[PDB]
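Engineer: This is the content of entry.txt (compact mmCIF, C-alpha atoms):
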# COMPACT_ATOMS: atom_id res chain seq x y z
CA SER A 1 -6.22 4.77 -21.98
CA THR A 2 -3.36 3.67 -19.75
CA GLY A 3 -1.00 5.16 -17.19
CA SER A 4 2.44 4.15 -15.92
CA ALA A 5 4.29 5.75 -13.00
CA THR A 6 7.42 4.90 -11.10
CA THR A 7 7.10 4.33 -7.36
CA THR A 8 10.13 4.96 -5.13
CA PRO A 9 10.97 3.83 -1.57
CA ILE A 10 10.95 6.72 0.92
CA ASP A 11 13.99 5.42 2.79
CA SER A 12 16.61 2.67 2.92
CA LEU A 13 14.20 0.24 4.61
CA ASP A 14 11.33 0.48 2.08
CA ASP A 15 9.07 1.78 4.86
CA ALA A 16 6.70 3.09 2.19
CA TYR A 17 6.70 4.04 -1.48
CA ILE A 18 5.87 7.38 -3.10
CA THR A 19 4.53 7.99 -6.60
CA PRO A 20 4.32 11.42 -8.25
CA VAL A 21 0.78 12.64 -8.97
CA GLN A 22 -0.24 15.73 -10.93
CA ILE A 23 -3.13 17.68 -9.37
CA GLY A 24 -4.79 20.77 -10.79
CA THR A 25 -4.14 23.25 -13.59
CA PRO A 26 -1.33 24.12 -13.96
CA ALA A 27 -0.16 20.84 -12.52
CA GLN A 28 0.94 20.67 -8.90
CA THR A 29 3.02 17.51 -8.44
CA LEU A 30 2.73 15.80 -5.07
CA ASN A 31 4.34 12.53 -4.00
CA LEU A 32 1.59 10.26 -2.74
CA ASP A 33 1.54 6.91 -0.96
CA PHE A 34 -0.57 4.59 -3.13
CA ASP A 35 -2.59 2.54 -0.67
CA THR A 36 -4.61 -0.51 -1.73
CA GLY A 37 -5.87 -0.70 1.86
CA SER A 38 -7.82 2.58 1.88
CA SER A 39 -10.03 4.61 -0.42
CA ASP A 40 -9.36 8.31 0.13
CA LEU A 41 -7.10 10.53 -2.00
CA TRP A 42 -5.99 13.16 0.50
CA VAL A 43 -3.20 15.74 0.41
CA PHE A 44 -1.28 18.16 2.51
CA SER A 45 -2.57 21.55 1.43
CA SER A 46 -2.65 25.30 1.91
CA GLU A 47 -5.44 24.56 4.43
CA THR A 48 -3.34 22.25 6.62
CA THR A 49 -2.68 23.64 10.12
CA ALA A 50 0.72 25.30 9.72
CA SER A 51 2.36 23.64 12.74
CA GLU A 52 1.45 20.23 11.26
CA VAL A 53 3.33 20.82 8.01
CA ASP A 54 7.08 20.02 8.08
CA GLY A 55 8.66 19.77 4.64
CA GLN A 56 5.78 18.30 2.65
CA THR A 57 4.75 19.71 -0.69
CA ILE A 58 1.24 21.17 -0.45
CA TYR A 59 -1.69 21.40 -2.85
CA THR A 60 -3.03 24.95 -3.11
CA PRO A 61 -6.49 24.76 -4.68
CA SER A 62 -6.75 28.56 -5.11
CA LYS A 63 -3.91 28.30 -7.66
CA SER A 64 -5.70 25.66 -9.74
CA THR A 65 -8.12 26.93 -12.38
CA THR A 66 -9.88 23.56 -12.42
CA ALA A 67 -10.34 23.20 -8.63
CA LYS A 68 -13.89 23.46 -7.29
CA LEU A 69 -14.93 23.24 -3.64
CA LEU A 70 -17.23 20.27 -3.12
CA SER A 71 -19.71 22.20 -1.04
CA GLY A 72 -20.45 20.80 2.40
CA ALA A 73 -18.19 17.77 2.03
CA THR A 74 -15.83 16.73 4.81
CA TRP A 75 -13.65 13.71 5.44
CA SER A 76 -11.95 12.06 8.40
CA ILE A 77 -9.91 8.88 8.41
CA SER A 78 -8.06 6.73 10.93
CA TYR A 79 -5.55 4.12 9.81
CA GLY A 80 -4.48 0.81 11.36
CA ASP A 81 -1.26 2.31 12.70
CA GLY A 82 -3.21 4.86 14.74
CA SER A 83 -2.52 7.80 12.44
CA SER A 84 -5.30 10.07 11.17
CA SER A 85 -6.23 13.10 9.08
CA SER A 86 -9.31 15.15 8.20
CA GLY A 87 -10.48 18.15 6.22
CA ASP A 88 -12.67 19.33 3.35
CA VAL A 89 -12.92 18.38 -0.33
CA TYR A 90 -12.27 19.79 -3.78
CA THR A 91 -12.78 18.23 -7.19
CA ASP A 92 -9.90 18.70 -9.61
CA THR A 93 -7.99 17.10 -12.46
CA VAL A 94 -5.65 14.34 -11.31
CA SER A 95 -3.12 12.55 -13.51
CA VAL A 96 -0.96 9.52 -12.74
CA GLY A 97 1.70 8.47 -15.19
CA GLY A 98 -0.14 10.03 -18.14
CA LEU A 99 -3.62 8.82 -17.15
CA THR A 100 -6.00 11.71 -16.41
CA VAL A 101 -9.22 11.80 -14.40
CA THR A 102 -11.31 14.96 -14.38
CA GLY A 103 -13.56 15.69 -11.40
CA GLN A 104 -11.55 13.56 -8.96
CA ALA A 105 -12.28 14.17 -5.28
CA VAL A 106 -9.11 15.62 -3.77
CA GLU A 107 -9.44 15.64 0.00
CA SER A 108 -7.62 18.61 1.46
CA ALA A 109 -6.21 18.09 4.95
CA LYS A 110 -6.98 20.64 7.62
CA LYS A 111 -5.47 18.38 10.31
CA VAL A 112 -3.00 15.51 10.21
CA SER A 113 -1.60 13.43 13.07
CA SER A 114 2.00 13.58 14.18
CA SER A 115 3.24 10.59 12.17
CA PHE A 116 2.23 12.33 8.93
CA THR A 117 3.81 15.63 9.98
CA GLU A 118 6.99 13.79 10.91
CA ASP A 119 7.31 12.12 7.50
CA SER A 120 8.47 14.86 5.14
CA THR A 121 8.55 12.52 2.14
CA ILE A 122 4.81 11.70 1.95
CA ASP A 123 2.56 14.50 0.65
CA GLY A 124 -0.64 12.46 1.03
CA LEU A 125 -2.31 9.16 0.17
CA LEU A 126 -4.00 7.82 -2.95
CA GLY A 127 -6.43 5.09 -1.98
CA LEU A 128 -6.92 2.09 -4.25
CA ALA A 129 -9.24 -0.13 -2.15
CA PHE A 130 -12.96 -0.21 -2.98
CA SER A 131 -14.89 3.06 -2.98
CA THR A 132 -17.26 1.74 -0.30
CA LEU A 133 -14.54 2.62 2.26
CA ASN A 134 -14.25 6.26 1.15
CA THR A 135 -14.84 8.55 4.13
CA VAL A 136 -16.28 11.66 2.43
CA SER A 137 -19.55 12.77 3.97
CA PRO A 138 -22.39 13.32 3.20
CA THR A 139 -21.72 12.13 -0.35
CA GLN A 140 -19.19 9.29 -0.60
CA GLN A 141 -16.62 9.75 -3.36
CA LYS A 142 -14.94 7.38 -5.82
CA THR A 143 -11.28 6.40 -5.93
CA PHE A 144 -8.98 7.43 -8.76
CA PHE A 145 -9.13 3.87 -10.10
CA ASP A 146 -12.92 3.70 -9.93
CA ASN A 147 -13.16 7.01 -11.84
CA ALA A 148 -10.61 5.93 -14.47
CA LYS A 149 -11.88 2.39 -14.91
CA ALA A 150 -14.31 2.80 -17.80
CA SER A 151 -11.70 4.67 -19.86
CA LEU A 152 -8.94 2.12 -19.27
CA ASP A 153 -7.96 -0.38 -21.97
CA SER A 154 -8.53 -3.10 -19.32
CA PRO A 155 -10.08 -2.48 -15.88
CA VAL A 156 -6.91 -3.31 -13.93
CA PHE A 157 -3.95 -1.80 -12.18
CA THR A 158 -0.71 -3.52 -11.23
CA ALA A 159 1.77 -3.06 -8.40
CA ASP A 160 5.42 -3.94 -9.01
CA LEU A 161 7.21 -2.77 -5.88
CA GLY A 162 10.98 -2.94 -5.69
CA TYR A 163 13.25 -4.22 -2.96
CA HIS A 164 15.49 -1.29 -2.04
CA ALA A 165 14.79 0.03 -5.56
CA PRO A 166 12.12 1.81 -7.58
CA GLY A 167 9.17 -0.05 -9.07
CA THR A 168 6.05 0.66 -11.07
CA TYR A 169 2.30 1.21 -10.83
CA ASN A 170 0.53 0.61 -14.16
CA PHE A 171 -3.12 1.37 -14.93
CA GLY A 172 -5.11 -0.25 -17.70
CA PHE A 173 -2.65 -2.88 -18.95
CA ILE A 174 -0.52 -5.82 -17.87
CA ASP A 175 3.17 -5.47 -18.78
CA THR A 176 4.04 -9.02 -19.81
CA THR A 177 7.78 -8.21 -19.65
CA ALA A 178 7.59 -7.35 -15.93
CA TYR A 179 7.21 -10.87 -14.51
CA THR A 180 8.42 -14.42 -15.04
CA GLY A 181 6.26 -17.47 -15.64
CA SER A 182 2.48 -17.07 -15.47
CA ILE A 183 0.14 -14.95 -13.35
CA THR A 184 -2.00 -17.00 -10.97
CA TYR A 185 -5.38 -15.44 -10.28
CA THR A 186 -7.30 -15.94 -7.07
CA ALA A 187 -10.75 -14.93 -5.79
CA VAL A 188 -11.41 -11.64 -3.98
CA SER A 189 -14.05 -10.76 -1.42
CA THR A 190 -15.03 -7.10 -1.42
CA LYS A 191 -17.30 -7.48 1.65
CA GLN A 192 -14.97 -5.45 3.90
CA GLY A 193 -13.98 -3.03 1.12
CA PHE A 194 -10.48 -4.50 0.73
CA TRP A 195 -8.64 -6.62 -1.82
CA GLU A 196 -9.26 -9.62 0.43
CA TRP A 197 -8.17 -13.08 -0.69
CA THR A 198 -7.16 -16.47 0.74
CA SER A 199 -3.60 -17.73 0.54
CA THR A 200 -3.28 -21.51 0.29
CA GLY A 201 -0.44 -21.84 2.79
CA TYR A 202 3.20 -21.18 3.58
CA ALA A 203 6.74 -22.54 3.95
CA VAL A 204 9.69 -21.34 6.01
CA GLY A 205 13.05 -21.45 4.26
CA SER A 206 13.61 -24.81 2.57
CA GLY A 207 10.95 -26.42 4.74
CA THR A 208 7.90 -28.31 3.56
CA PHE A 209 4.84 -26.38 2.45
CA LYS A 210 1.98 -26.27 4.95
CA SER A 211 -1.40 -26.26 3.21
CA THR A 212 -3.67 -23.97 5.20
CA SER A 213 -6.09 -21.19 4.29
CA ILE A 214 -4.97 -17.71 5.30
CA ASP A 215 -7.50 -14.96 4.62
CA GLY A 216 -5.92 -11.52 4.31
CA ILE A 217 -5.67 -8.29 2.34
CA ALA A 218 -3.27 -7.12 -0.34
CA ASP A 219 -2.23 -3.78 1.13
CA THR A 220 0.43 -1.64 -0.50
CA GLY A 221 0.05 0.94 2.28
CA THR A 222 1.24 -1.41 5.04
CA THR A 223 4.99 -1.97 5.32
CA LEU A 224 5.16 -5.45 6.85
CA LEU A 225 3.62 -8.91 6.52
CA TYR A 226 1.12 -9.59 9.33
CA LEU A 227 0.05 -13.22 9.70
CA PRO A 228 -1.46 -15.52 12.34
CA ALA A 229 0.62 -16.05 15.49
CA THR A 230 1.10 -19.74 14.71
CA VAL A 231 2.65 -18.95 11.31
CA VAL A 232 4.83 -16.15 12.64
CA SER A 233 6.11 -18.28 15.53
CA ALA A 234 7.05 -21.04 13.07
CA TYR A 235 9.03 -18.52 11.00
CA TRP A 236 10.98 -16.90 13.85
CA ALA A 237 11.71 -20.25 15.50
CA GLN A 238 14.13 -20.80 12.60
CA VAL A 239 16.19 -17.74 13.53
CA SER A 240 18.60 -18.23 16.46
CA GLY A 241 17.96 -15.66 19.16
CA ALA A 242 14.75 -14.27 17.70
CA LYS A 243 12.05 -13.40 20.19
CA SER A 244 8.86 -11.43 20.55
CA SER A 245 9.49 -8.26 22.52
CA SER A 246 6.51 -6.55 24.12
CA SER A 247 8.68 -3.48 24.81
CA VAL A 248 9.71 -3.11 21.17
CA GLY A 249 6.30 -4.16 19.82
CA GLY A 250 7.02 -7.35 17.91
CA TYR A 251 9.57 -9.91 16.87
CA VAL A 252 13.19 -8.86 16.94
CA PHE A 253 16.26 -10.83 15.97
CA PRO A 254 20.05 -10.56 16.22
CA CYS A 255 21.31 -8.31 13.45
CA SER A 256 24.08 -10.90 12.88
CA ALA A 257 21.52 -13.48 11.70
CA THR A 258 20.93 -14.70 8.17
CA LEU A 259 17.14 -14.80 7.70
CA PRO A 260 15.35 -17.67 5.95
CA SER A 261 12.97 -17.02 3.09
CA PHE A 262 9.20 -17.19 3.51
CA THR A 263 6.93 -18.69 0.86
CA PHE A 264 3.20 -18.03 0.54
CA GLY A 265 0.71 -19.86 -1.65
CA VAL A 266 -1.49 -18.39 -4.36
CA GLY A 267 -3.61 -21.30 -5.50
CA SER A 268 -1.15 -23.98 -6.60
CA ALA A 269 1.53 -21.31 -7.19
CA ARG A 270 4.18 -20.12 -4.74
CA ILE A 271 5.69 -16.66 -4.09
CA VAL A 272 9.07 -16.66 -2.35
CA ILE A 273 10.02 -13.72 -0.15
CA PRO A 274 13.84 -13.71 0.22
CA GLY A 275 15.16 -13.53 3.78
CA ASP A 276 16.72 -10.12 3.23
CA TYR A 277 13.26 -8.63 2.54
CA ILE A 278 12.35 -9.53 6.14
CA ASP A 279 15.15 -7.42 7.72
CA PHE A 280 13.99 -3.98 8.92
CA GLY A 281 17.23 -3.08 10.59
CA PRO A 282 18.24 -1.94 14.07
CA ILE A 283 15.38 -1.19 16.46
CA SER A 284 17.21 2.05 17.31
CA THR A 285 20.34 3.61 15.85
CA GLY A 286 23.40 1.52 16.73
CA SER A 287 21.48 -1.40 18.23
CA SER A 288 22.37 -5.00 17.39
CA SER A 289 18.71 -6.01 17.77
CA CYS A 290 16.92 -5.86 14.41
CA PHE A 291 13.19 -5.56 13.73
CA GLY A 292 11.44 -8.35 11.86
CA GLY A 293 9.40 -7.90 8.71
CA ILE A 294 6.96 -10.71 9.52
CA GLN A 295 4.80 -9.94 12.56
CA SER A 296 1.70 -11.30 14.23
CA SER A 297 -1.73 -10.09 13.15
CA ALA A 298 -3.23 -11.14 16.48
CA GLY A 299 -5.24 -8.21 17.74
CA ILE A 300 -5.25 -6.44 14.34
CA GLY A 301 -8.25 -8.54 13.41
CA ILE A 302 -7.09 -9.19 9.85
CA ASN A 303 -4.03 -10.65 8.13
CA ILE A 304 -2.17 -8.16 5.97
CA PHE A 305 -0.06 -8.96 2.93
CA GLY A 306 1.86 -5.69 3.05
CA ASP A 307 4.88 -4.50 1.11
CA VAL A 308 7.18 -7.24 2.43
CA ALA A 309 5.00 -9.80 0.63
CA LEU A 310 3.84 -7.75 -2.34
CA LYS A 311 7.31 -6.58 -3.38
CA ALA A 312 8.26 -10.25 -3.98
CA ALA A 313 5.60 -10.40 -6.72
CA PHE A 314 4.06 -8.71 -9.72
CA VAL A 315 0.52 -8.12 -8.48
CA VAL A 316 -2.60 -7.59 -10.62
CA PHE A 317 -5.56 -5.80 -9.06
CA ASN A 318 -8.30 -6.85 -11.45
CA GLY A 319 -11.30 -4.52 -11.16
CA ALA A 320 -13.58 -6.40 -13.52
CA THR A 321 -17.22 -6.82 -12.53
CA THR A 322 -16.09 -9.72 -10.35
CA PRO A 323 -12.74 -8.53 -9.00
CA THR A 324 -9.78 -10.90 -8.65
CA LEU A 325 -6.09 -10.69 -7.68
CA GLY A 326 -3.21 -12.05 -9.70
CA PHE A 327 0.31 -12.88 -8.52
CA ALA A 328 3.42 -13.72 -10.55
CA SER A 329 7.05 -14.21 -9.60
CA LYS A 330 9.47 -11.68 -11.08
Take the structure from the file and write it as structure tokens.

Structural biologist:
Amino acid sequence: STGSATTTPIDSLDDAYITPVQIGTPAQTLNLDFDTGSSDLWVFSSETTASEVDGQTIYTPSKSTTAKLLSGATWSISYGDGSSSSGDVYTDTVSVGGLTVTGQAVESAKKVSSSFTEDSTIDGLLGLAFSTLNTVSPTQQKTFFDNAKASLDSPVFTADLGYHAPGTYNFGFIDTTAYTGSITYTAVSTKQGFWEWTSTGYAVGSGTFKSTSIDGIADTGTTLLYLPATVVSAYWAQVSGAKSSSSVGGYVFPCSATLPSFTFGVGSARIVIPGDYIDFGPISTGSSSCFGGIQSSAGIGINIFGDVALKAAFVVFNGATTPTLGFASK
């Protein structure tokens, strides 16, 4: 089997991407944030504290003839941005782009933190990291991908995120028309439960490539590119007037600037992030200070190849017995 679904930016800045997901019988379609940095499929629901729901579409398990309470199971998750959610668990039928999994754990939120409430466009998350990070207790549950894997034509999914435009998540096949040149594959460590890999270096604009190993994670659920302070300083030094602002919470730059590109290495291959992908617009409405899309990972504890990086590539998440990651230009 295969599946193919379009993923759509939630706003004009590509702060996140939503993908429609069918849950239950008859189908209830929710727009979920596909997140290769976590492993829980959780939804706003009829059980979510009413004051914490503000415009989201909810899953109502009592209206699904295939929903079953997973007795005694609870979940609770905290994300790198400080947001969180928790609740109980149902199993139900879940379909993505024509690919159907029966008996998928659908984690129903009883509580969500303010940032989720405040984002009306995201009805929940669909985790695509390794199932070892799933938070369901006392019986850990599998991701949608893990459940689908054996039925797939090939045990892979691909992320093709757009810049200010829709893109695609495919399951079970590689669309050879969706990228240019060849796909370069690179080793993955699953030791921390992430799609963790080592970039071979970077360049700023038309500058020379610096060969240096940068361990980090391919994370579709993080907006920006978080890299070591040395790398980030070298990037922003090429933008007149750019500075790190403790009050704003990162590097800012004059909105009048033209940003240089940023290249990262995948083996001997190179992925070029155009300068415009690095512009996240005014820090506040009407400001001439703009927020940068490359930020320091210092104090996160891990480097994160988030959407800024991933949307410059066609990315293969290869879930073979030994997982790997592939990157192509597009």

Engineer: Skip residue 156 (chain A) itself and residues of its chain fewer than 6 positions away, then list as number ranges by chain all residues within 7 Å of it, counting only C-alpha atoms.

Structural biologist: A: 171-173, 316-319

Engineer: Residues within 9 Å of residue 304 (chain A), please, as number ranges by chain. Count only C-alpha atoms; anything in the same chain fewer than 3 positions from it doesn't count.

Structural biologist: A: 215-219, 222, 224-227, 297

Engineer: Which one is closest to residue 152 (chain A): A:293, A:98, A:207, A:267? Count only C-alpha atoms.

Structural biologist: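 When distances to residue 152 (chain A) are compared using only C-alpha atoms, the smallest one comes from A:98.
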
Engineer: Show me the residues around (4.1, -5.4, -14.2) - criterion: an atom at most 6 Å away, all atoms listed in the file counted - as a list in words.

Structural biologist: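 The requested residues, written out, are residues 158, 160, 174, 175, 178 and 314 of chain A.
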
Engineer: Which residue out of A:291, A:264, A:235, A:17 has the minimum interatomic distance to residue 251 (chain A) when all atoms listed in the file are used?

Structural biologist: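 Residue with the minimum atom-to-atom distance to residue 251 (chain A): A:291.
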
Engineer: Could you pull the residues within 7 Å of residue 277 (chain A), counting only C-alpha atoms, minus those fewer than 3 positions along the same chain, as a VMD selection string?

Structural biologist: chain A and resid 273 to 274 308

Engineer: So, with all atoms listed in the file as the atoms that count, which of A:202, A:179, A:185, A:42 lies closest to residue 230 (chain A)?

Structural biologist: A:202

Engineer: Which distance in Å separates CA of residue 115 (chain A) and CA of residue 71 (chain A), to one decimal?

Structural biologist: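 Spanning CA of residue 115 (chain A) to CA of residue 71 (chain A) is a straight-line distance of 28.9 Å.
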
Engineer: Using all atoms listed in the file, determine which residues lie at most 9 Å from residue 162 (chain A), disregarding the query and same-chain residues fewer than 4 positions distant; provide the list as a short mmCIF file (atom, residue, chain, number, x, y, z; two decimals) with C-alpha atoms, in the frame of the given file.

Structural biologist:
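Listing of part_32.cif after writing:
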data_model
loop_
_atom_site.label_atom_id
_atom_site.label_comp_id
_atom_site.auth_asym_id
_atom_site.auth_seq_id
_atom_site.Cartn_x
_atom_site.Cartn_y
_atom_site.Cartn_z
CA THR A 7 7.10 4.33 -7.36
CA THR A 8 10.13 4.96 -5.13
CA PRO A 9 10.97 3.83 -1.57
CA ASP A 14 11.33 0.48 2.08
CA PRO A 166 12.12 1.81 -7.58
CA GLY A 167 9.17 -0.05 -9.07
CA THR A 168 6.05 0.66 -11.07
CA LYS A 311 7.31 -6.58 -3.38
CA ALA A 312 8.26 -10.25 -3.98
#

Engineer: To one decimal place, how far is CA of residue 110 (chain A) from CA of residue 137 (chain A) in Å?

Structural biologist: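 Interatomic distance, CA of residue 110 (chain A) to CA of residue 137 (chain A): 15.3 Å.
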
Engineer: Rank A:188, A:290, A:16, A:234 by their smallest atom-to-atom distance to residue 221 (chain A), using all atoms listed in the file, and report the top residue only.

Structural biologist: A:16

Engineer: Between A:295, A:51, A:286, A:203, which one has atoms that come closest to residue 243 (chain A), using only C-alpha atoms?

Structural biologist: A:295

Engineer: Applying 6 Å and only C-alpha atoms, which residues near residue 128 (chain A) remain after dropping the ones on its own chain fewer than 3 positions away? List them as a PyMOL selection string.

Structural biologist: chain A and resi 35-36+39

Engineer: By how many Å are CA of residue 131 (chain A) and CA of residue 145 (chain A) apart?

Structural biologist: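 Answer for the CA of residue 131 (chain A) to CA of residue 145 (chain A) separation: 9.2 Å.
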
Engineer: From the set A:245, A:199, A:289, A:31, which residue has the shortest atom-to-atom contact distance to residue 211 (chain A), counting all atoms listed in the file?

Structural biologist: A:199

Engineer: Residues around (4.3, 18.2, 0.7), cut-off 9 Å, counting all atoms listed in the file - what are they as a list in words?

Structural biologist: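 All residues meeting the 9 Å criterion around (4.3, 18.2, 0.7) are residues 30, 31, 43, 44, 45, 53, 54, 55, 56, 57, 58, 59, 120, 121, 122, 123 and 124 of chain A.
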
Engineer: Mind rebuilding region 132-146 of chain A with N, CA, C and O atoms and writing that out as a PDB file, in the frame of the given file?

Structural biologist:
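Now in rebuild.pdb:
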ATOM      1  N   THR A 132     -16.399   1.870  -1.471  1.00  0.00           N
ATOM      2  CA  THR A 132     -17.260   1.740  -0.300  1.00  0.00           C
ATOM      3  C   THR A 132     -16.587   2.127   1.025  1.00  0.00           C
ATOM      4  O   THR A 132     -17.279   2.377   2.011  1.00  0.00           O
ATOM      5  N   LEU A 133     -15.253   2.175   1.058  1.00  0.00           N
ATOM      6  CA  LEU A 133     -14.540   2.620   2.260  1.00  0.00           C
ATOM      7  C   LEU A 133     -14.248   4.126   2.271  1.00  0.00           C
ATOM      8  O   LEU A 133     -13.714   4.635   3.250  1.00  0.00           O
ATOM      9  N   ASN A 134     -14.577   4.845   1.200  1.00  0.00           N
ATOM     10  CA  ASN A 134     -14.250   6.260   1.150  1.00  0.00           C
ATOM     11  C   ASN A 134     -14.977   7.009   2.263  1.00  0.00           C
ATOM     12  O   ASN A 134     -16.163   6.761   2.513  1.00  0.00           O
ATOM     13  N   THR A 135     -14.280   7.924   2.932  1.00  0.00           N
ATOM     14  CA  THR A 135     -14.840   8.550   4.130  1.00  0.00           C
ATOM     15  C   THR A 135     -15.570   9.881   3.892  1.00  0.00           C
ATOM     16  O   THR A 135     -16.057  10.484   4.837  1.00  0.00           O
ATOM     17  N   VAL A 136     -15.635  10.365   2.658  1.00  0.00           N
ATOM     18  CA  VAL A 136     -16.280  11.660   2.430  1.00  0.00           C
ATOM     19  C   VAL A 136     -17.751  11.603   2.807  1.00  0.00           C
ATOM     20  O   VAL A 136     -18.470  10.678   2.438  1.00  0.00           O
ATOM     21  N   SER A 137     -18.183  12.634   3.521  1.00  0.00           N
ATOM     22  CA  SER A 137     -19.550  12.770   3.970  1.00  0.00           C
ATOM     23  C   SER A 137     -20.037  14.176   3.591  1.00  0.00           C
ATOM     24  O   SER A 137     -19.276  15.131   3.673  1.00  0.00           O
ATOM     25  N   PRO A 138     -21.312  14.323   3.200  1.00  0.00           N
ATOM     26  CA  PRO A 138     -22.390  13.320   3.200  1.00  0.00           C
ATOM     27  C   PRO A 138     -22.508  12.508   1.919  1.00  0.00           C
ATOM     28  O   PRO A 138     -23.375  11.635   1.833  1.00  0.00           O
ATOM     29  N   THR A 139     -21.660  12.795   0.936  1.00  0.00           N
ATOM     30  CA  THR A 139     -21.720  12.130  -0.350  1.00  0.00           C
ATOM     31  C   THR A 139     -20.393  11.411  -0.565  1.00  0.00           C
ATOM     32  O   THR A 139     -19.362  12.037  -0.783  1.00  0.00           O
ATOM     33  N   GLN A 140     -20.406  10.090  -0.452  1.00  0.00           N
ATOM     34  CA  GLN A 140     -19.190   9.290  -0.600  1.00  0.00           C
ATOM     35  C   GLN A 140     -18.626   9.488  -1.995  1.00  0.00           C
ATOM     36  O   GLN A 140     -19.381   9.624  -2.965  1.00  0.00           O
ATOM     37  N   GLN A 141     -17.301   9.524  -2.091  1.00  0.00           N
ATOM     38  CA  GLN A 141     -16.620   9.750  -3.360  1.00  0.00           C
ATOM     39  C   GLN A 141     -15.892   8.504  -3.868  1.00  0.00           C
ATOM     40  O   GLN A 141     -15.580   7.584  -3.108  1.00  0.00           O
ATOM     41  N   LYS A 142     -15.617   8.496  -5.167  1.00  0.00           N
ATOM     42  CA  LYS A 142     -14.940   7.380  -5.820  1.00  0.00           C
ATOM     43  C   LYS A 142     -13.424   7.532  -5.828  1.00  0.00           C
ATOM     44  O   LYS A 142     -12.877   8.637  -5.904  1.00  0.00           O
ATOM     45  N   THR A 143     -12.737   6.398  -5.791  1.00  0.00           N
ATOM     46  CA  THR A 143     -11.280   6.400  -5.930  1.00  0.00           C
ATOM     47  C   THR A 143     -10.857   6.788  -7.347  1.00  0.00           C
ATOM     48  O   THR A 143     -11.643   6.738  -8.308  1.00  0.00           O
ATOM     49  N   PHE A 144      -9.588   7.150  -7.468  1.00  0.00           N
ATOM     50  CA  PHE A 144      -8.980   7.430  -8.760  1.00  0.00           C
ATOM     51  C   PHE A 144      -9.178   6.267  -9.730  1.00  0.00           C
ATOM     52  O   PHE A 144      -9.539   6.461 -10.901  1.00  0.00           O
ATOM     53  N   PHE A 145      -8.954   5.049  -9.254  1.00  0.00           N
ATOM     54  CA  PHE A 145      -9.130   3.870 -10.100  1.00  0.00           C
ATOM     55  C   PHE A 145     -10.579   3.693 -10.547  1.00  0.00           C
ATOM     56  O   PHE A 145     -10.853   3.443 -11.710  1.00  0.00           O
ATOM     57  N   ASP A 146     -11.511   3.837  -9.613  1.00  0.00           N
ATOM     58  CA  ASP A 146     -12.920   3.700  -9.930  1.00  0.00           C
ATOM     59  C   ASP A 146     -13.317   4.730 -10.991  1.00  0.00           C
ATOM     60  O   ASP A 146     -14.025   4.398 -11.939  1.00  0.00           O
TER      61      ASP A 146
END
